[PDB]
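In mature numbering (1 follows the signal peptide of the UniProt record, and there is no 0), the protein residues as written are 11 to 254.
See below for the structure under consideration.
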Ligand SMILES: *C(=O)[C@H]([C@@H](C)O)[C@H]1C[C@@H](SCC/N=C/N)C(C(=O)O)=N1
């Protein structure tokens, strides 16, 4: 039916219409596909921002710094967003992208064990510097869209070097949507303290029949852009390609 020239044009147009520059990478089996209106972003490094929450949670659970039902208490200080002003589990923090919880979890892990775990997993440029609580927000940790989709593919298939149960626990935190028998698992990201600002949505689709299709959207966020544009472009793309 639909030519690949048309698929490429439809998906480029989604990014064009949002007046941003971005790419979305799809992986089917071993094969990577790059779509969007800025294909060269695919092998450029950007801060992972909140997408790091996935690995942060993996490391924390594996090293017994937390459990999946522990409540991280709000310390009562004003937060950037009122939705963060409450007690929550890692899983709720994952859905709300509650940075203060992931910061508390990074601190419990500590710089030393974090650096080793990040090197061990080979995540991005694997460099976390000297500040345990912000390396994924302002650098020096960086990662490419290709690396992110490969990380997602790894997690989707339990290939990261953590126990199966750790991986399963983190994955259950990432379920964001069901669409005609397809389950979408994803982590969003928005690096507000870098110039320019980077937007992420990294995840996979689990189809009815069990096949898992990893994706990673990467784009430039601009002042007065809605966060849900990351989702809308992703769903439109995955739908255009008949993945969902
Ligand atoms: C991670 O990338 C972010 C951190 C650097 O600030 C958080 C902040 C949110 S913005 C709106 C929050 N609403 C969530 N339900 C965000 C994001 O949308 O990814 N990531």
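Positions of the beta carbon are idealized from the N, C-alpha and C atoms, including for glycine.
Exercise for review: Pull up the CB-CB distance for residue 84 and residue 97, whole angstroms please, since I reckon it's below 8 Å.
Suggested key: 6 Å
Point to revise | ligand 1 heavy atom lying under 8 Å from the CB of residue 220 | key: no
Check your understanding: Per DSSP, residue 56 forms a beta bridge with which residues?
Key -> 153
Practice item. With distances taken Cα to Cα, identify the nearest neighbour of residue 24 among 234, 228 and 233. Key: 228
Exercise for review: Please report how far the alpha carbon of residue 27 lies from the alpha carbon of residue 149, in whole angstroms.
Suggested key: 30 Å
Check your understanding: Closest to residue 250 by CA distance: which of 29, 31, 30 and 36 is it?
Key -> 36
Exercise for review: Check whether the Cβ of residue 89 sits closer than 8 Å to any heavy atom of ligand 1, and report yes or no.
Suggested key: no
Exercise for review: Keeping to the same chain, check which residues put their C-beta closer than 7 Å to that of residue 117; ignore five residues upstream and five downstream.
Suggested key: 142 and 143
Check your understanding: Taking the C-alpha atoms as reference points, what is the distance between residue 208 and residue 57?
Key -> 8 Å
**Study point:** residue 213 vs residue 243 beta-carbon contact at 9 Å
**Key:** no
Review point. When every heavy atom of ligand 1 is checked, does at least one fall within less than 8 Å of the C-beta of residue 237?
Key: yes
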